[PDB]
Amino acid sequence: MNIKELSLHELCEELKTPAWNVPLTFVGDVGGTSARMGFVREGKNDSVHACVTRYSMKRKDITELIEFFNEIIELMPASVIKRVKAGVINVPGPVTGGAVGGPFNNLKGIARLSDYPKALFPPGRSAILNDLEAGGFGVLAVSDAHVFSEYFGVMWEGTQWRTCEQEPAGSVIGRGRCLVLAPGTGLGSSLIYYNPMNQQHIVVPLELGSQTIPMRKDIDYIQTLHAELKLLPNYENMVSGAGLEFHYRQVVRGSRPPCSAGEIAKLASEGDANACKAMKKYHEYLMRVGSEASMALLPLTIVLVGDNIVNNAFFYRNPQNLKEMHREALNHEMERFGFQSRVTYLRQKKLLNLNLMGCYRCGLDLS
């Protein structure tokens, strides 16, 4: 279970070692700021090994990936380019058919698997994933690698865990639906559906973040944001970089100049009461995605993934914040039946690019 980040040149060098003679999967984790492309292999002992290289989404244009793909094949021995079983990339948007991606909120243009090289993307063994679909696949990879507890911690157990499972919560993904949320630049969601007929997990990409926020007792707070965006706020408007910034502005009341999402998180890590309140506010709305999705989708587990999540561990480690989140997760009318208390919440507690493992894990199903 491991990935080594390299420059394009050291990548080429590495790709000639005797360890990298096995058949290979081309993977790419594309974001709105940067992309990470490279190759994955199993070596020995059920171990996953990848080395990738970072590219900057400079033009901020999804089609720039075509360029990078070329730049790889040219500058690389075709005694390696031939060992390519499958090509799988993820992109930060809705993907249709596994072959067309867009429109994007970060970028412009459309991801088209047809306009991709076939040395990197062998026909019938190639897919374009939504990033959180790749992440879901990754979550599945972590479970099959028997290492779930190493990357995910329980935030609190739901009622339904012990009725489906004898193992401790956090030790396995569990024979139930698992909803994956990624609160980052944007707000990513996917549902790892569980088919009880055949006991199979299947990743279903979702756009939970773009739904209109339903109310609680916060009609005014929503209205304030509504008036800034000229749009009915959706969850992502409240749970995202711009959302955290918004919450900070509402907290200070102009008495401090606006600072960035990242900076707000730093301040909270440093104990700043204003930032900290902004963080709590952000998490109040994350937990609303949770309680609504818990009803609609009935998951056995909800899992919070991403580097944001791992890095903000100072926040989840605090049991007062955790109880307030727990409180808000149950703040749904249907809780009087226990529907929100069914669910187990976990969070990623250790850095791992779930999307990269996801692309490779998906590559297996294609071949």
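Each form is matched to the other, and the largest set of C-alpha atoms that superpose within 1.5 Å is called the rigid core. The numbering used is simple: start at 1 and walk along the sequence shown.
Which stretch is less alike in 4 other deposited structures of this protein, 104-112 or 234-242, counting RMS CA distance after the rigid core is superposed?
If we average over structures and residues in 4 other deposited structures of this protein, the farther stretch is 104-112.
Rigid core superposition, C-alpha RMS per stretch in 4 other deposited structures of this protein: which comes out larger, 61-69 or 329-337?
Result of the core-fitted comparison in 4 other deposited structures of this protein: 61-69 deviates more.
Establish whether the other compared PDB entries of this protein leave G32 unmodelled at least a third of the time.
No, none of the compared structures omit it.
How about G306: is it missing in a third or more of the other compared entries?
Negative; every one of those entries includes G306.
Quick one: higher average CA temperature factor, 42-50 or 309-317?
On average, C-alpha B-factors are higher across 42-50.
Taking only the CA atoms, which stretch has the higher mean B-factor in the record, 129-137 or 109-117?
Mean C-alpha B-factor is greater for 109-117.
From the list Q250, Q160, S79, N198, select the residue with the highest C-alpha B factor recorded in the entry.
So the option with the highest C-alpha B-factor is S79.
Maximum C-alpha temperature factor per the entry, among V180, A278, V142, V84, belongs to which one?
In this record, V84 carries the highest C-alpha B-factor of the candidates.
Going by the entry, which third of its chain does the Cα temperature factor of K323 land in?
Ranked within chain, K323 CA B lands in the middle tercile.
Report the third (lowest, middle or highest) to which the CA temperature factor of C359 belongs, ranking only the modelled residues of the same chain.
Middle third, going by the recorded CA B-factors of the chain.
Could you place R347 in the lowest, middle or highest third of its chain by Cα temperature factor, using the values in the record?
CA B-factor rank for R347: lowest third.
Using only modelled residues of the chain, where does the Cα B factor of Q340 rank: lowest third, middle third or highest third?
Lowest third, going by the recorded CA B-factors of the chain.
Pull the Cα B-factor of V30 out of the PDB entry and bin it into the chain's lowest, middle or highest third.
Middle third.
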